[PDB]
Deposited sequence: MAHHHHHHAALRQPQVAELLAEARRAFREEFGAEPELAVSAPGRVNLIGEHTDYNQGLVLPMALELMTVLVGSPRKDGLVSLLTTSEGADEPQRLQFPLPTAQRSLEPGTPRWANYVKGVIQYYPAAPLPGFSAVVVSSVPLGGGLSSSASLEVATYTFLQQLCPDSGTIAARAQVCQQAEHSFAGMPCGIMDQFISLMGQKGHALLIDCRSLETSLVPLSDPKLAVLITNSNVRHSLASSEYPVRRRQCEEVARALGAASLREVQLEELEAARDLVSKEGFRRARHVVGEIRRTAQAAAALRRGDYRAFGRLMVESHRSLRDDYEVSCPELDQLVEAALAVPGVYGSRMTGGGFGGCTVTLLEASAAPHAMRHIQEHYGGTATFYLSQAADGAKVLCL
C-alpha cells in the first residue's frame, strides 16, 4: 500500500489530455526517457570508471507539436515542480541565448535546446510529465533532459552519436542546472533496454547490454523521502578531491590508478583524499566483478559486492545518511535479500535491494521498521528513449 505501481499508459493519457486542453489541438508527438537506478558503480562515472545502471519504468513524457512562430511553450503537470507550471521563450540565436533561472524545471529543457547540435530547430508546444520522483535519486533531471533531446530529434534530426546527445544533456545539467554530473544518468536514459542492465565504460564509452532474464530475482527501490542540505554541496567537493589525487599521482584519472598503487602512495596525497580514492579505485573493481557475476548469474556475490559498495560509500566516500544506512542495514539483515545499498549521488534518495520476488510483500511490510516515510517501486529493468507517433 506504500508501493507506487507505475502507470505509463495513464502517464501518456494525462499528458495528451492536458495538451489538447492547454493548446487547443491534439499533440502530434510523444517521447519518453526513463529514470534510473544504479545497481553498482557509485561515484565512478566522473573518475572514468565503470557503472551498472538499469532504466526504470518511472519516466518523463513529452507530448507536443512543432510551431511556425519560432517560440517554445511548456506546460508541466509534475506534482512537485516549482511555480510557474508554464514558461514560454523564443529559441536562441547568435544574438540572444537562453539563460537558466525561474522556474528551475524549465532550465533542463532550455539547457538541451541551447546545446542541441542540429538546425534548423523549429519552435514547439509541449506538456511535460514525470513518474520519476523529483530529487528522489532516480535521475528525474536526466529523464527530462533526454526526453527533451528525443522530442528535439523529431523536430530536427541530429546526424550524431549517443555519447554526443549524452554529452549535450550533461552540458545542460552543468550550465543550466549548476550540477557538474558525469554521464551515467544521461547514457542510461538514452541507451537502456528492457530486461537488461547497461555496463558503461566511462573512459572508452564502450557499452554492454547485460541480460536480467531470471524472473525470480527482482529489485526493490526504496525512497528514503529525504534530500539532505549537503547533497547539492558535497558532490562537487568529491569531484575536486578525486581530481587532486590524479593531479598529485601523475594519473590521467583514478581509473588507471589501481588499489596496490594507492596503498603505496598513502602520504603522496591527503588523508581525506586517500580514504575517498579507496572507494573509486575499489568501486571500479567491484562493478567489473558484479558485471562478471551477473553473466555467471551468482545472485549471491551480487550482495558481497553491493553490500561492500554501501560500506565503502558510507565509511570511505561519506555520501550516505542515517536514513540510507537504516534502509540498507534493515534490508541486508532480511533472509531472501542478496543485498542492498544507497543508489545514485547519496545524502538521501533511494536504496536498491536485490531480493527474491517471493519476499516482495514481506520486505515492503518490514521496511515501512524505518524511522521515516518509505515509498516503494518494484522495478522491471526497462526501455530507454522512446518515440510514439500520434
{"query": "Missing segments of the deposited chain sequence, listed N- to C-terminal", "finding": "1-8, 377"}
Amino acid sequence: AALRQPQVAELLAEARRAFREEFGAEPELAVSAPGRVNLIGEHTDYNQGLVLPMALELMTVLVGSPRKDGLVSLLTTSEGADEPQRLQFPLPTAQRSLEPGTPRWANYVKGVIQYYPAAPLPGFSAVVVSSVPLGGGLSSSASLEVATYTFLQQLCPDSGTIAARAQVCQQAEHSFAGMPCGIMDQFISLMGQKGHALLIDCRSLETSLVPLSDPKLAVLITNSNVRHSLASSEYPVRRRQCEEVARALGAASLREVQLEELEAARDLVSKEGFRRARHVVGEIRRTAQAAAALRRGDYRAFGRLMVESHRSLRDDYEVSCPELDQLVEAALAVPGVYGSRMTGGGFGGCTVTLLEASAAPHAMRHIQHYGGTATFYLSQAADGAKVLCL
From here on, numbers count along this sequence of modelled residues.
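Here the rigid core means the biggest group of C-alpha atoms that line up within 1.5 Å when the two forms are laid on top of each other.
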item	value
In 6 other deposited structures of this protein, rigid core aligned: more displaced of 279-287 and 259-267 by C-alpha RMS	259-267
Farther-lying stretch by C-alpha RMS in 6 other deposited structures of this protein, rigid core as reference, of 131-139 and 209-217	209-217
Stretch with the higher entry mean CA B-factor, where the candidates are 130-138 and 242-250	242-250
Higher-B stretch (mean Cα B-factor, as the entry records it), 227-235 or 103-111	227-235
Residue with highest C-alpha B-factor in the PDB entry, from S270, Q154, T161, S175	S270
Top residue by Cα temperature factor, when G41, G64, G70, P335 are compared in the entry	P335
Ranked against its chain, the third holding the CA B-factor of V8	middle
Ranked C-alpha temperature factor of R203 among modelled chain residues, by third	middle
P34 - Cα temperature factor, lowest/middle/highest third of chain	lowest
Lowest, middle or highest third - CA B-factor, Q167	lowest
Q258 by Cα B-factor - lowest, middle or highest third of the modelled chain	highest
